[PDB]
RNA sequence: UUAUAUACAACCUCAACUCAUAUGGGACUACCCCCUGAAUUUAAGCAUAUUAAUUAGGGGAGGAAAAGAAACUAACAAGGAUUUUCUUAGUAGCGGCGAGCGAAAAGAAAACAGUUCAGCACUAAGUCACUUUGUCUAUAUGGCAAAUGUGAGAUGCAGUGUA
RNA sequence: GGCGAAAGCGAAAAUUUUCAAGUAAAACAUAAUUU
RNA sequence: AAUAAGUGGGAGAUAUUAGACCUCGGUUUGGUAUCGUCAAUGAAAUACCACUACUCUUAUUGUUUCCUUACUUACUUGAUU
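Residue numbers (the working numbering), protein chains in the order written: chain A, 1 to 105; chain B, 1 to 203; chain C, 1 to 217; chain D, 1 to 192; chain E, 1 to 56.
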């Protein structure tokens, strides 16, 4: 849920919680579309985000994730996943915490 | 491909070619009745463009409707009550003929669903369309799963419930602000949605 | 009833100007006479068809002009071989003749001094509207730079009250590669003097002094 | 009066040369199905172990299907096009001979829409455009393509220009011819 | 296919026959003053291809 | 093969069958769906307004129905499928500018899921369904081949490709 | 056959491939026949 | 020179001829020329050469609430087994 900046002069402040995700951002941020879809991104193929820093705004928010994303292996030879498999959630996280913060304004 | 040519020649109606190929075709098309099965769709390529293949068996049924207005059934000197409600001899129906011409298949034919439609021709005493029926339980059609969508139970008889080509378009459906009611579900299920008062648990 | 050396109906593109040099079927000089089939260009108003085009090649118009000079016409005019007179030929240009084999209206275009203007309709005026070679004030008449351009092919056309046109611009005896830059610049110098032009005429007409009129697009 | 894109049907090249046209087509049936089966089952047992790429020699025959053909016309690989004329509706075949003058390729029309589908093991076929340029049928190739030139392709520049068509017919024409036969029996004595 | 007869009836009209009303004969016909101006000049594209290729 | 003088083979429209083999009108209705559209009442009377795009309205569905992946917004430091609720708001306009009607993107909340058709070039019908005979079993209108037995299929089947 | 949004039609449904009952029958729609 | 459509270009064209050259006409040179650019002098400077177009004129494929007449296959109206 990445999206920022609500429309008119009522809001130059707030930022609605993320229904867009900008396909043309993604190739500039190391993805990898349908691999990210079964990760779970809400990848949606229809938003054409117009601003370079709004392009950048999710770019850091992308790289905010994808690192703490723990990479569970598929073939369990785990040669190419490739962040970690020793950070398995029983060892590392297993958190299942709700809130998913949107930077809190 | 020939089809992109033959659509490009289908449009150019008001010719001597198509009109005087309509002219032979039109009053060929009348000593036959209101219903008769055919093998082959007269337009093939606009029986194509419509979600259509030609396996066994996607039947085609000719149909005519009576090309007019609609007069309001009260006898001989018209309605009581109010002068908002007098005028008859010009009153006009709502559902277009291209969604009446699939009710007049779906009940005379007790066996089959309805898929799309396409016009052919028009002259003054009928407009007269085609119906691309679909069989429902030919034991081929269960294992043909690109057109599997229509033989769930909730899609049968899609002439009444208004989800053919024209019967979709008849009830005022799209988005946004040329359509803003109808939005509350169907059409005038708007005009039971918005008058629905919410006397709360805790006001 | 059209001719071969002068085409009328058939409209060529850009490569159809190469054979127009063949209009010199004579051996003597023929002055090309322009004309235009004009539409809604009425001459009795301020739309006066009177100006000068500047053809960058010299098609040698036979130019003789009496240079009326009062300390401003002939001071810098020794670079173009002026006659160097003191504006005294006006006293003999009308009411009498000069010499044998000569008329009293013997030019094509005339120049006047800036301080010698009120005489031009009075003593010479009634004897020149009978000729129609009347010099105007908008026909490149200042004689500060109008000396080197005098041998550099200056013309003056007066509009007729019968809707015709025949004035000398040049000849057709030379190469059509000269005429590739002659017509395509003179008619581009004709768009600026004519008015409200986007598409108001359908073709041009070009005619020599001894030939039939050719027509260009 | 049918408009003079018709009659592009059915002035159709008298059958003494047309039977020679089918004699090329006797070699160019697409595939017999057991011969199709015996070719592909040899892939299964022999060429699955043979590892050979040469001996297929995919034989050039005449292609079928309208949606095949109008690629093959436009990609300039086709040689001779045969389209039927007993046809429906026209729009699969109406514009198609008009392509051939603008695309330069010689074409022809045939009588009998079933005879193109008699040999190809379908039911009715309507579109057979030929690509084959082999030396075994190169001899009889040149003479029949010269015949369809003036009849179909060089005729194609003046076929729309001359057609009124649709004669009146026929008993009424007898009454039409009755008066002129009557008045010519009277015209023998007016000026006499 | 030939012509659709309003184009042909105006094909006579765009010869010399009063282009302005002929143009408004299309906007009366088709007709919206954005759509007609394309269908106006389409006729002249036929007419500018058949001024000297129209011989034989 | 048609002076309307015969066969055979297709085709094309097109029948008839105590053929084979199978699908459908009906019941209910609260909710839902496309339909047809009235009236007392209110204006202190009434005729356009209102009752109302409303009760019979009946033809259709289901555990969902319709909608739904924009020919939308908004005009901004942008947003972004459909549906219901809070608010937008009893405000904008429609109004015998009478009585009275009446929305809306935008703001926040649940849930979230995106994609096949048609049509260039996609480039050996490589397709699909019956049949019979067995494989394999199962209360299957069933899974594997085959005779390649039909027929459907080029008037186009399939794969890849889609606002 | 027809029309109606459907239910159904204050209806001499006389138009509706054969819309023939058929007839112990004959090739080669059994023969003139039955609205 | 009248009678220059008119009005302006023009300040001589054109034709002829032999000579020059070419296979040759012809162009050019000069002689001559009905007039004329010139003069004859006025309203247009008439030679030379015109775009335009009507008084209109011969002819062409004209849409025409065009009129009238036949045609028939669309369609309407019956008849018969």
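The beta-carbon is built from N, C-alpha and C at its ideal position, and this holds for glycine as well.
Query - residue 130 of chain B (DSSP reduced to helix, strand or coil) - result: As a first step, residue 130 of chain B is located in the second chain; it is residue number 130 there, counting from the start. In the three-state scheme derived from DSSP, where H, G and I count as helix and E and B as strand, residue 130 of chain B is classed as strand.
Requested in this report: Spatial neighbours of residue 126 of chain D within its chain, please: CB distance less than 8 Å, with the 5 preceding and 5 following residues excluded, ordered by chain position.
Outcome: For the purposes of this step, residue 126 of chain D is identified with residue 126 of the fourth chain, where counting begins at 1. Excluding positions up to five away in sequence, the list reads 66, 83, 84, 87, 92, 93, 113, 116 and 117.
Query raised in the report: Would you report the Cα separation of residue 206 of chain C and residue 6 of chain C, rounded to the nearest angstrom?
Result: Within the third chain, the letter at position 206 stands for residue 206 of chain C. Within the third chain, the letter at position 6 stands for residue 6 of chain C. Computed Cα separation, rounded: 8 Å.
Report task. Pick out whichever of C:33, C:9, C:27 and C:2 has its Cα sitting closest to the Cα of residue 183 of chain C. Result -> Looking up residue 183 of chain C in the third chain gives position 183. Ranking the options by Cα distance to residue 183 of chain C, first place goes to C:33.
Query - CB contact below 8 Å: residue 182 of chain B versus chain D - result: Along the second chain, read from residue 1 onward, the residue named residue 182 of chain B stands at position 182. Residue 182 of chain B does not count as touching chain D.
Query - Proximity test, Cβ basis, 8 Å: residue 128 of chain B and chain D - result: Here the question's residue 128 of chain B lines up with position 128 in the second chain. The beta carbon of residue 128 of chain B sits no closer than 8 Å to any beta carbon of chain D.
Query raised in the report: Over what stretch of residues does the alpha helix (DSSP H) that includes residue 49 of chain D continue unbroken?
Result: On the fourth chain, residue 49 of chain D is found 49 positions in, with the first residue counted as 1. Counting along the chain, the alpha helix (DSSP H) containing residue 49 of chain D begins and ends at 47 to 50.
Query raised in the report: Per DSSP, residue 83 of chain D is paired with what?
Result: By 1-based counting over the fourth chain, the position of residue 83 of chain D is 83. D:109 and D:127, per the DSSP bridge assignment.
Query - Simplified DSSP assignment, three categories, for residue 119 of chain B - result: For the purposes of this step, residue 119 of chain B is taken as the residue at position 119 of the second chain. Of the three classes helix, strand and coil, the one that applies to residue 119 of chain B here is strand, per DSSP.
**Report entry** Residues in the stretch 4 to 30 of chain B having any Cβ partner in chain E nearer than 8 Å
**Finding:** Contact annotation: in the stretch 4 to 30 of chain B, residues whose CB is within less than 8 Å of a CB in chain E are 9, 12, 13, 14, 15, 16, 17 and 18.
Query raised in the report: the stretch 85 to 101 of chain D: which residues have C-beta closer than 8 Å to a C-beta of chain B, in chain order?
Result: For the stretch 85 to 101 of chain D, the beta-carbon criterion of a distance under 8 Å to any beta-carbon of chain B is satisfied by 88, 89, 90, 91, 92, 94, 95 and 96.
**Report entry** Closer than 8 Å to chain D by CB, residue 40 of chain B
**Finding:** Counting from one through the second chain, the residue named residue 40 of chain B turns up at place 40. At least one C-beta of chain D is nearer than 8 Å to the C-beta of residue 40 of chain B.
Report task. Answer with buried or exposed for residue 64 of chain B, where buried requires no fewer than 16 other C-beta atoms within 10 angstroms of its C-beta. Result -> As a working note, residue 64 of chain B is residue 64 in the second chain. The residue is buried, with at least 16 neighbouring Cβ atoms inside 10 Å.
Query - Coarse secondary structure for residue 183 of chain B, derived from DSSP in three states - result: For this step, residue 183 of chain B is matched to residue 183 along the second chain. The answer is coil: DSSP assigns residue 183 of chain B none of H, G, I, E or B.
Requested in this report: Can you check DSSP and say which residues form a bridge with residue 33 of chain C?
Outcome: The count along the third chain starts at 1 and reaches residue 33 of chain C at position 33. Residue pairing for residue 33 of chain C: DSSP places it in a beta bridge opposite C:168 and C:207.
**Report entry** Spatial distance of residue 87 of chain B from residue 163 of chain B (CA atoms)
**Finding:** Taking the second chain and counting its residues from 1, the one referred to as residue 87 of chain B is at position 87. Taking the second chain and counting its residues from 1, the one referred to as residue 163 of chain B is at position 163. Each residue's alpha carbon lies about 31 Å from the other.
Requested in this report: State the Cα-Cα distance for the pair residue 157 of chain C and residue 50 of chain C, rounded to the nearest angstrom.
Outcome: As a first step, residue 157 of chain C is located in the third chain; it is residue number 157 there, counting from the start. As a first step, residue 50 of chain C is located in the third chain; it is residue number 50 there, counting from the start. Residue 157 of chain C and residue 50 of chain C: Cα-Cα distance of roughly 5 Å.
Report task. Mind checking which residues open and close the alpha helix (DSSP H) that includes residue 25 of chain D? Result -> Residue numbering aside, residue 25 of chain D sits at position 25 when the fourth chain is read from its first letter. Taken as a continuous stretch (DSSP letters only), the alpha helix (DSSP H) holding residue 25 of chain D covers 15 to 25.
Query - beta strand (DSSP E) segment containing residue 60 of chain B, residue limits - result: Sequence index remark: in the second chain, residue 60 of chain B carries index 60 (1-based). Where residue 60 of chain B is concerned, the enclosing beta strand (DSSP E) stretches over 60 to 62.
Query raised in the report: So, are the CB atoms of residue 41 of chain C and residue 66 of chain C less than 8 Å apart?
Result: Residue 41 of chain C sits at position 41 when you count from the first residue of the third chain. Residue 66 of chain C sits at position 66 when you count from the first residue of the third chain. No, the pair does not count as a contact, with Cβ atoms beyond the cut-off.
Report task. Since I believe residue 171 of chain C is in contact with residue 52 of chain C (beta carbons under 8 Å), could you give me their beta-carbon distance rounded to a whole number of angstroms? Result -> The residue you call residue 52 of chain C lines up with position 52 of the third chain. The residue you call residue 171 of chain C lines up with position 171 of the third chain. Going by Cβ atoms, the distance from residue 52 of chain C to residue 171 of chain C rounds to 18 Å, so no, they are not a contact pair.
Query - residue 92 of chain A: first and last residue of the uninterrupted beta strand (DSSP E) it sits in - result: Stepping through the first chain from its first residue, residue 92 of chain A is reached at position 92. Taken as a continuous stretch (DSSP letters only), residue 92 of chain A belongs to no beta strand (DSSP E), as it is neither H nor E.
Query raised in the report: Since residue 104 of chain C contacts residue 68 of chain C with CB under 8 Å, what's their CB separation in whole angstroms?
Result: Position 104 of the third chain, counted from the first residue, corresponds to residue 104 of chain C. Position 68 of the third chain, counted from the first residue, corresponds to residue 68 of chain C. Contact doesn't hold; Cβ gap of about 16 Å is too wide.
**Report entry** Straight-line Cα distance separating residue 38 of chain C from residue 199 of chain C
**Finding:** For the purposes of this step, residue 199 of chain C is taken as residue 199 along the third chain, with counting starting at 1. For the purposes of this step, residue 38 of chain C is taken as residue 38 along the third chain, with counting starting at 1. Across the structure, residue 199 of chain C and residue 38 of chain C are spaced so that their CA atoms are roughly 12 Å apart.
Report task. Report buried or exposed for residue 45 of chain E, applying the criterion of at least 16 other Cβ atoms within 10 angstroms of its Cβ. Result -> For the purposes of this step, residue 45 of chain E is taken as the residue at position 45 of the fifth chain. Exposed, since its Cβ has fewer than 16 Cβ neighbours within 10 Å.
Report task. Drop a sphere of 10 angstroms on the beta-carbon of residue 74 of chain C, count the other beta-carbons inside from all chains shown, and report buried for 16 or more, exposed for fewer. Result -> Counting from one through the third chain, the residue named residue 74 of chain C turns up at place 74. The residue is buried, with at least 16 neighbouring Cβ atoms inside 10 Å.
Query - Status (buried if at least 16 other CB within 10 Å, exposed otherwise) for residue 45 of chain B - result: The residue you call residue 45 of chain B lines up with position 45 of the second chain. So residue 45 of chain B counts as buried.
Query raised in the report: Is it the case that the Cβ atoms of residue 55 of chain C and residue 179 of chain C are separated by a distance below 8 Å?
Result: As a working mapping, residue 55 of chain C is identified with position 55 in the third chain. As a working mapping, residue 179 of chain C is identified with position 179 in the third chain. Between residue 55 of chain C and residue 179 of chain C, the C-beta gap is not smaller than 8 Å, which leaves the two residues out of contact.
Query raised in the report: Does the Cβ-Cβ distance between residue 132 of chain B and residue 60 of chain B come in under 8 Å?
Result: The residue you call residue 132 of chain B lines up with position 132 of the second chain. The residue you call residue 60 of chain B lines up with position 60 of the second chain. Their beta carbons are under 8 Å apart, which means residue 132 of chain B touches residue 60 of chain B by this criterion.
Query - Residue burial classification, residue 80 of chain B (beta-carbon count within 10 angstroms, cutoff 16) - result: In the second chain, the residue the question calls residue 80 of chain B occupies position 80. Within 10 angstroms of the beta-carbon of residue 80 of chain B lie fewer than 16 other beta-carbons, which makes it exposed.
Query - 8 Å Cβ cut-off: residues of chain D touching residue 2 of chain B - result: The count along the second chain starts at 1 and reaches residue 2 of chain B at position 2. Listed along chain D are 66, 67, 69, 70, 92 and 96, each with a C-beta nearer than 8 Å to that of residue 2 of chain B.
Query raised in the report: Taking only beta-carbon atoms, is residue 55 of chain D less than 8 Å away from chain B?
Result: Indexing the fourth chain from 1 puts residue 55 of chain D at position 55. Cβ-Cβ to chain B under 8 Å: no for residue 55 of chain D.
Query raised in the report: Bridge partners of residue 37 of chain B, per DSSP?
Result: By 1-based counting over the second chain, the position of residue 37 of chain B is 37. Looking at the DSSP output, residue 37 of chain B bridges to B:61.
Query raised in the report: For the beta strand (DSSP E) that residue 215 of chain C lies in, which residues bound it at each end?
Result: Against the third chain, residue 215 of chain C aligns to sequence position 215. Boundaries of the beta strand (DSSP E) harbouring residue 215 of chain C: 214 to 216, taken from the DSSP string.
Query raised in the report: Which class does residue 124 of chain B belong to by DSSP, given the choice of helix, strand or coil?
Result: On the second chain, position 124 is the one that residue 124 of chain B refers to. Of the three classes helix, strand and coil, the one that applies to residue 124 of chain B here is strand, per DSSP.
Query raised in the report: Are there 16 or more other CB atoms within 10 angstroms of the CB of residue 34 of chain A, so buried, or fewer, so exposed?
Result: Taking the first chain and counting its residues from 1, the one referred to as residue 34 of chain A is at position 34. By the neighbour-count definition (other C-beta atoms within 10 Å, threshold 16), residue 34 of chain A is an exposed residue.
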